[PDB]
Structures are given as C-alpha cells and as structure tokens.
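Structural characterization, general
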Amino acid sequence: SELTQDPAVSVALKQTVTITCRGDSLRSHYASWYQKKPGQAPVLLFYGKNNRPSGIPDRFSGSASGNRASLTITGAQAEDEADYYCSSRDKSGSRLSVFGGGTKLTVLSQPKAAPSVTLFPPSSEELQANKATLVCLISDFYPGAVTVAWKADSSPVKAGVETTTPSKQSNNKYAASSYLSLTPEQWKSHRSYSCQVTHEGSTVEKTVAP
Amino acid sequence: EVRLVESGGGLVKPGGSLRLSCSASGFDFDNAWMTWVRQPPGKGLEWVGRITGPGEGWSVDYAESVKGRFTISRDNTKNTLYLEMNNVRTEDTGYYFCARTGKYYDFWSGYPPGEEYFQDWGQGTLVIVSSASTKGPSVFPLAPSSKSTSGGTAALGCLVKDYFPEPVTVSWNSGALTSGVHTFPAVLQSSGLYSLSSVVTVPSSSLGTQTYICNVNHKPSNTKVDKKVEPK
Amino acid sequence: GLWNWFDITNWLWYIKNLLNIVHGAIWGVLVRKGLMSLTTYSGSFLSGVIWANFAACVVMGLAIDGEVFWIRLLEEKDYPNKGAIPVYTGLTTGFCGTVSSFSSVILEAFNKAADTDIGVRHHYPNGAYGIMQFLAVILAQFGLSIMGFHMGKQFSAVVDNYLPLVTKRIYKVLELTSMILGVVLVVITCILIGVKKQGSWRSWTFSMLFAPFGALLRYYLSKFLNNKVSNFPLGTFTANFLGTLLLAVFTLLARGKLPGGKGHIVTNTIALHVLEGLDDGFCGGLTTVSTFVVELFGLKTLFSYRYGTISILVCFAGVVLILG
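Residues numbered from 1 in each chain as written, not as in the entry; some residues may be left out. Chains lettered and ligands numbered in written order. Heavy atoms only, no water. Residues with missing side-chain atoms left out of burial classes, pairs and counts.

The name the PDB entry gives chain B is 10E8v4 Fab Heavy Chian, with Homo sapiens as the organism.

The name the PDB entry assigns to chain A is 10E8v4 Fab Light Chain, from the organism Homo sapiens.

Spelled out as structure tokens, the structure:
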C-alpha cells in the first residue's frame, strides 16, 4: 500500500469537507484526483499545483504540502457522491504511477439509521451434506460503511468469511450480507458464533449458538 | 468529443490468453500516451501500464504484479491500442480502462519525470478470469428459526448457492407475495461460485398459514428448481 | 521526434538547480558582506565573519525540518527513498551555504594563532597559549554554529505548530528578490567604466562574479562525490579542503609576499582586488559550515565526532603546510 486514504467520509449538504491522500512519494511529486461514480468512467478532477480542466465546477480545490495531498470539496451537492482517488508516482522519481486504496464520499440525504442485524443458524439441510454456511443479514442502514467482524466465542475467525459490497435499497437505504463457509465439525466445536457489524463508530452484534 | 471504447472482454480460463482493443479518434494519436488502468469489482482501481510515443521510441512500463505477464503495444496506423495477456492469474479480473495520458512538470517545483494526469477515460470493458463453468444452482431452505420472535417481523429466505454465471433472478410465490422481498447481491467465494440469499420480510405471526414458496430459475443452465421454506 | 520527455525533464531539473544555486549564492554573498562591514568590533573578541556563520545556521534551521531526504540519507534506512539529496537547492546549498565561511574560520584561527611556536615548539608557555587560543576560537565558532542550528530547529517547530501562513507567500518574495537581483546585476554592472572604476562599487563586483562558480563547484562535489563511502559523505569534506588550501595559498600570495615585491606588484588596484574578490566569493562559496552543521549533530549519530575531528585536523595541517 504505497498510498493510503480514508476509506469513507461523510458530509452534509452545502458544507465543505476534505479528502486526504497520504504517501511518501508525494513529497517530491504532485498529486492527481479522479471522481469515480459507479458504472461510469472516471473524470479527471484536479492535478498538479493549481491546474483544473475546463468545465469542472470551481468547488474542487486541491492543495499539496508536506507528505500529504489534500483535495477539499466546497459545498458537496447531490451529484457529488462518488469515490475519489489520488494518483502519483509510487517511488519518488520512478517511471510508474499507483492509486490509493479508496475513498467513498457520502452526501447525507437521510438521517442516520441503525442496521437491521439478523443471523440464521445453519440449516440441517446443508448439514447432512457436510456443509455449514452461516448467513449474517445486514439491511436498512445508512451510510454505506459497514465492517463485518466474526467472533468464535471470544476468539475470532476468518476461515471462510465472505462479505459483499453493500448496494441500493428501495427506500434509498443500503443492504448487504456476509457468509461464513465452515465445516460441520468445527461448527459444533465453538460455544457461539457472532457477526459484529460497525457503522460510523456504532456497532450491533448478534449471536447464534448450537 | 474525444472518446475511447474498449473491446475484447469475456471469460478466460486461467493461464489462457486474451487481446484487448481500444478504438480512439478525434485527437492527435501518434504523439499522445496511452495508459491501461484496471479495477477489480468493488475495490480500488490499479495501474497496469503506459505506452509512450515518438519521444522515446514507444517505450513501456508495467506494474510490479504485472511485469512479465502482460504486453502493451500500439499500432499507430490503425489508431487503436492493443493489450495482450498471457498466463492470467485470478486477480486480473475487473474492468479494464484505456485512458489518454497527459504530461505535467512545473519548471520550478517538481522532480523528474513529473506527474501524469489522464485528460479523459473510456467506457470500459469487463473480463472475468474464473476457473468455474456453467453449473446448476442449489436450493437450501433458510429456516425462519421457529423460536426467533413471536410478535415482531421475522425473516426467511433461500440459500441459492453454487450457481454461475449471473444472474439467478430468484422469484417468490410465483410473484404472489412481495412483502419486503429483496434479492441481495451475490457473493464471490474462493471457488469462484456466485451465491446469494433473498429474504421476504415476514411477520412473526406466520403460524404456518402464511405460506412462502421459493422459486429459483437459472437461465444459463436452464434449470428451474423449487424449494419450500419451513421453520424448525 | 519532438523531444524526449525523460530527458527534457531531467535537463529542466538540472537547469533549475543551476539557476537556483547561482541566484542563491549571489544573494547570499551580499548578506555576508553586509555582516562583515557591520562588524563594529566593540566587544565580540573575534568579530568580523563570526556572526555570518551563526546567521547561516539559524535560517538553515527552518529548512532541515522539511529537508528529510538528506536526513534520511544520513540514517542508512528506507530503501524506497532515492530522493533529491539537496532538496531546497536554492536555500540549503544556496543562501545558507554560500554565507558560511569555513575556510575563513580556519584562516582566522590560524591568523590569531600568529605562529604559536615563535622560536621553539617544545616550550610550554608559547605552545600552551597558542593551542589554548586556537581551541577557544574553534570551539566558539562551532559551538555558536550548533547552538544557532538548535534555535533554528526549535523556532521552526514553534512557528510550524501554530500556522504555516501558506508556504507560497515566501515563494513570491523569493521570486521578487530574484528579479531585483537580476535588475541590479544588469544595470549597475553594465553601466560602469571598462576598468571597473574603484570605490565600493568594484569592491563587490569581482567577488559577485566569482562566488556562483565556487558555489556550483561545491554543489557538484556534494552531489557527485558524496555518498561514495558510507557514514563519511566526503563531498563537503573535499570541498572544504580544496577551499582552505586555495585560500591559504592565495593569502600567502597576498599577505605573505614571499618575494617581498609581490605587494609592490599588487600596489596597482587590480591584482590585489581580484584576489580579494576571490577570497570573498570563490573559497567562501566552496566551504560551508551550514552543510557541515547538517552533517554534524543534526544527524549521523555518534560517528559525527570522527568526521568533525578529521576535517578540522586535516584542514589545519594543510594550512600549516602552506606556511612551510
């Protein structure tokens, strides 16, 4: 990870906000910035010291100082919600370029709502087939920054956990899901299995036991 | 009015080969760099490589995870960009974009060879490097956990598992019931088999009479399978 | 065809370094001579060029905070660095460097020594007094320089934690000073008698002309011949050695007057003044305590004392060799 970024940032309407790009090579190289809406081609936003292509609204201003590259958005409108990427030299003076790990921006169009967490014990129907998939249910949440953590009793597990990127809901909320592929033998070897989920610093946990 | 269109997608068996083309016009092409950028779905996009012009004799560059496995070459006469892949690993999947490259170097503040900025991008092409194949789906009844709640809104669905490729378009009661029916997006397991679960928002007062029959219908395999959800 | 980007950008960076270092040296020599003419002895038992180095370090203290790549290089770490060694070329090796007078410091120490061994080096009184004054002057110079660097770093932190006040606000003033220097160097130097009419006007002209060449020589020594042997940059050291021997030779040529009639030859106000301008600019732009201080207790833990001792002792031994 040559370049690092904040995974997600939230801001209300008409209020300014900044997106921070941190990297070692930014000391001797300027940055670039790319708005990325899903299913659309990224459009160049801001690059160099003070260069911005014609057509883009003035609200996107970027500054470079020290080992940071900052693009600050002034007055995020309805259509400004997207992912923003920073790109520059990977090694300080090499013939390459890289990109940051991702920065999801969310304009607040819905007051914050807690997710509806649901967990189902593995059905016996998959159990006789030597399969045990745990299905954790994440729906009706806003905004889209949820991290699924699976705990084996007090201990954790990562052996078989799979998580999907949250998507749209009919009422503009978000929903997602996670799966844990586990053998039936290890299913009965632990006291409890939980899929903790955290959203904007708030967490909800649901436990299922044999 | 500058536009770049990619072409040459489709599924590729790992270790195979695939050639990607990019149509471009409406701008000086013999003196402008092209850069291949890829994006795995749901993740951050990554750099593949760039190809130069007459400034250096059409030189090449590549990513540290790509160097030696890809090939970038340009045919100026046909005004098209070509990308060649061999020995494709499972990580190569995602959207491939070919974007024109700009050059920027301030004369007082900077360090050679300056930054690169892409003055435009292309619509994109999709490549899916999967070791799987056309296989029928499965139906596992997601029991609504008879204990659960008794007066609230419970949940019950189906484990549509091990189906490929997209989509499955699960149905419910042959369309009779739509009480909060969501078909969640499929998840990518290690074995490259798509799987998704859809749930109907059921009150905890179902008491059996509220019957929910679960319709699974996979077009690519032409498999039509039905399953019933019943609590433990 | 048109050009080659990977080469045109390298050439632009090189010419940027050249222009920045030349302008920095030219603008720093005038500050040096302002300090020197402002000696106003009063107290300051040493005085003269003593303050100049003390100034050069303090301002350099505001650069070493953001220098990084030099600091990282003198830390043997961080493989993916490969950065520019003298970042802030127009200020680190420029104004901060050219102002320093390492060769002048050693010459002052030797001159105040005044042939410590008057007739015999074995005698305790004369030798002890001479070594005492030499150690005192060297300790004063380097301790004041290091203290100035320390206050520079501390004040840099104290001003940085509050507010940067936009860095480019200093970039604009640097640029406007550059245009002022260019305009002056054009008009005043071009509008003059062909024999470079005497007075305070010519007293700085040849020194100004010779200073940037010495600064360039030190810069190329500190970029090419540097980092050739580990923990011993050897670039600044060879630059200082060349500067101090050159200054000693030309001071013997001017002050010593070994034939006796060389002063009579330089009675004409050309031969002595070209040497004076050389002393002002060339050896003064080739020897830098500011880069020397950075190589000192800034970083290079522990081993720094070895570098300082070897540099000082070899320089003093050389300038003694010119005596013979």
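1. Here we look at the overall build of chain A
What counts, and what does not: Segments assigned H or I by DSSP are reported as helices when at least four residues long, segments assigned E as strands when at least two residues long, and all are numbered from the N terminus. Only C-alpha atoms enter the radius of gyration, while the globule expectation follows 2.2 Å times N to the 0.38, with N the number of residues. Summary of the burial criterion: residues with accessible area below 20% of their type's maximum are buried, those above 50% are exposed, and those between are partly exposed, where the area comes from a 1.4 Å probe applied to protein chains only. Should any heavy atoms of two residues lie within 4.5 Å, those residues are counted as being in contact. When charges are counted, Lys and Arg are positive and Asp and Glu negative, with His and the chain ends excluded. To locate a charge, take atom NZ for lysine, CZ for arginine, CG for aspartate or CD for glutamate.
For chain A, the helix and strand inventory stands at two helices and 20 strands. For chain A, whose C-alpha radius of gyration is 21 Å, the value lies well above the compact-globule estimate of 17 Å for 210 residues. Projected onto its principal axes, the C-alpha coordinates of chain A cover approximately 65 × 40 × 30 Å. Buried residues in chain A amount to 47% of all 210 residues. The contacts in chain A between residues at least 6 apart in sequence include a share of 57% that link residues at least 24 apart. Taking the average place of the 22 positive charges on the side chains of chain A and the average place of its 17 negative ones, the gap between the two points comes to 6 Å.

2. What to know about helix α5 (residues 102–113) of chain C
Residue and element names in this part refer to chain C. What counts here: One fewer than the residue count of a helix, multiplied by 1.5 Å, yields its expected span.
When the terminal C-alpha atoms of α5 are compared, their 17 Å separation across twelve residues agrees well with the 16 Å that a helix rising 1.5 Å per residue should span. Summarising the contacts, the buried residues of α5 are in contact with α2 (50–67), α6 (124–160), α9 (235–256), α11 (271–286), α12 (289–298) and α13 (304–323). Following α5 by one or two positions, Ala114 adopts a phi angle in the positive range, close to 55°.

3. Brief notes about the interface of chain B and chain A
Condition: Here the quantity called buried area is the total loss of accessible area, with a 1.4 Å probe, experienced by two parts when brought into contact, counted for both. By definition here, a salt bridge exists when the distance from a side-chain nitrogen of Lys or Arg to a carboxyl oxygen of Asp or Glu is within 4 Å. Polar contacts, as used here, are pairs of N or O atoms within 3.5 Å; protein pairs need one atom able to donate a hydrogen and one able to accept it. Residues neighboring in sequence count only if both atoms are side-chain atoms. Any residue that is not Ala, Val, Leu, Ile, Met, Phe, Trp, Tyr, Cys, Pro, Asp, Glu, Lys or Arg is counted as polar, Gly included; the first ten are nonpolar and the last four charged.
In this assembly, 47 residues from chain B lie in contact with 44 residues from chain A. Regarding the contact of chain B and chain A, the summed buried area is about 4,000 Å², with carbon and sulfur atoms giving 61% of it. Three residues, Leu45, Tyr104 and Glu115 of chain B, lead the burial of chain B against chain A; their summed loss comes to 14% of the area buried on that side. Here chain B is connected to chain A by three salt bridges. With its nearest N and O atoms 3.7 Å apart, the salt bridge here joins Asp162 of chain B to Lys131 of chain A. There are twelve residue pairs in polar contact connecting chain B and chain A. Elements with a minimum of two residues in the side of chain B that touches chain A: β4 (33–39), β5 (46–51), β9 (115–117), β11 (138–142), β12 (153–163), β15 (187–188) and β16 (194–203) of chain B. With five residues, β12 of chain B is the largest single contributor of residues to the side of chain B that touches chain A. A per-class count over the side of chain B that touches chain A returns 25 nonpolar, 13 polar and nine charged.

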